[PDB]
Structure formats: C-alpha cells, structure tokens
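Quick heads-up: it's one chain on its own, the form deposited in one PDB entry, in structure tokens.
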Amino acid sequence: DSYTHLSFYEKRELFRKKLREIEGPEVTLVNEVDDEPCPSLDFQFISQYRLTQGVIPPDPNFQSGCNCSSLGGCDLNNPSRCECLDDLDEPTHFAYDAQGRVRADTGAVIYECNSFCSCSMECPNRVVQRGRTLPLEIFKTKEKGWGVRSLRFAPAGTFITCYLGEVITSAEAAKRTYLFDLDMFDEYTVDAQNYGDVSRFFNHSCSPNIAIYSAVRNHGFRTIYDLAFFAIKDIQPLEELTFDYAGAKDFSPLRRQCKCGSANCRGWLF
C-alpha cells in the first residue's frame, strides 16, 4: 500500500505530531484494542471548508449584519431587535441559553452573527464560530474502526465541533464513503476523505448522543453552511461520540452491519 518503510513506532509518533499542530484544545491518539498505529498519515486537518472548482462561494453583496454594539455584544435578554434572528417565528429567542449551550426548544437552524455585525467576537451568538472547546481523543473501537470520545464531561446542549472537508459539486462527486450533502435548504457536498476535522472519525449510532445543527450566518443563498455537532444527551468522560448518519452522511457511494450497542438498533448496512 504505502508508508511501508515506517515502523509502528515511527507512524504513531508522526500522527501524534500531526495532532499537536492542531489549534485549540488538545487532540490525542489512543489504541488499546489492536496494533494499528494510526489513521492515514496523508490525511490533513483543516479549520474551514476547502472549496473546489465549481463551487460558487457566497456573494458578499447580499451580506447583512445586525445593530447591537452594546458592552459585550448582543443581549440574550433582548432577543428582539437583533436582526440576525428575524427569520425565526414569533417567540424569537437566541439559539443559546445563558450557559452557552444550545437551548432545548431551538430548532434545526441556528442563526449566528457575522463579520458585518457590530458585535465583538465575544458575542453570545458566535458559539460555533469560536470553535471547539472540549479536549477530544481519537481511539480504536472494538468493531467500528476509529472513533472519537471526550475527556471532559459534556452536558446536553454543549457544542462539540463542525464537520469539515472539501466542498464539491455533484459532477465532481461523480468523477471521484464520507459524503455529507448540504441538503438542508433546497447541490454541494462535503467530502472529508483527504481533508477534514476530528469529526471525520465520529461513528454512527441508532441512539446517538450528539446531533447536527445547521448554523447559518450568510444572508444569501444557503448553499454553504456550518454542520455543527451539539450534544443531545449528557456525555461522560471517555464516552464515544456518535450521531445518526441517516439523512445526513452517506452509508455507501456485500456491505457491513451496524455495530452500535443500542437496544433499539435498527441495523443499517455500510
């Protein structure tokens, strides 16, 4: 295949070295199950979408901000008047509560503030934007390959990370698993095989503990938005992070049965 000249030790140290180059809280590597040293060594970690030819990026002439200024950004207690929330229904509220966690009544769409807005980067409505906050750990699972788990307790509503990768068209997808359509608002797709984030290793579960929230900050066509993972159950340290691929991430582009321990596992094929 490749990287045959590198020993088990050499491979593991180079991946751990790649992880330390990531910005933000630490990301660690662990394997107590078998002898695979690490995931692919040519994989590249990124912090924002990598666009490809064919992708029409957003037009900044459609961008709108909000007037709030104040002392420390927008005010959770005055959800009205903040223009970023106008798209919401009559009892308008920010997606986030006082603790910084997504609210229980929040829908599938989170409207955040932009660079056009007048609020600072400490605005309460820039949670997804400020990025990951939990230390994560890539580890080898028993029957699912690699997976991710948290080292700190993550109550429900805690932001975890975003799904990143190459943004590509249907055509580019045809020429070429890991495909994650941007189908919330109705042809761009996210391919995380060569470029992506830690979330590239999140495994599937039929009773998951994290879910996807479509975070929108652009006021143009909603062809590109953030795929934000939030906890929907409480997550104890070392608990594997899993979400429901169905409707979101593809199971395939002679299969393999699902191996989640849920008592209601429906039994998908990969």
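The numbering used is simple: start at 1 and walk along the sequence shown.
In what follows, reference is made to the form solved in complex with a partner chain, a form of this protein that is not presented.
This chain is displayed alone, yet in the bound PDB entry one of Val55, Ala211, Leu238, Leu41 has a heavy atom within 4.5 Å of its partner chain; that residue is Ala211. Just one of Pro155, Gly107, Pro79, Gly145 comes within 4.5 Å of its partner chain in the bound PDB entry, counting any heavy atom, and that one is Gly107.
In the bound PDB entry, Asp181 approaches its partner chain with a heavy atom inside 4.5 Å. In the bound PDB entry, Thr177 approaches its partner chain with a heavy atom inside 4.5 Å.
At the 4.5 Å threshold, heavy atoms of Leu14 stay clear of its partner chain in the bound PDB entry, well away from it. In the bound PDB entry, its partner chain lies farther than 4.5 Å from every heavy atom of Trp268. Heavy atoms within 4.5 Å of its partner chain in the bound PDB entry map, among the stretches 225-233, 61-69, 25-33, 41-49, onto 225-233 alone.
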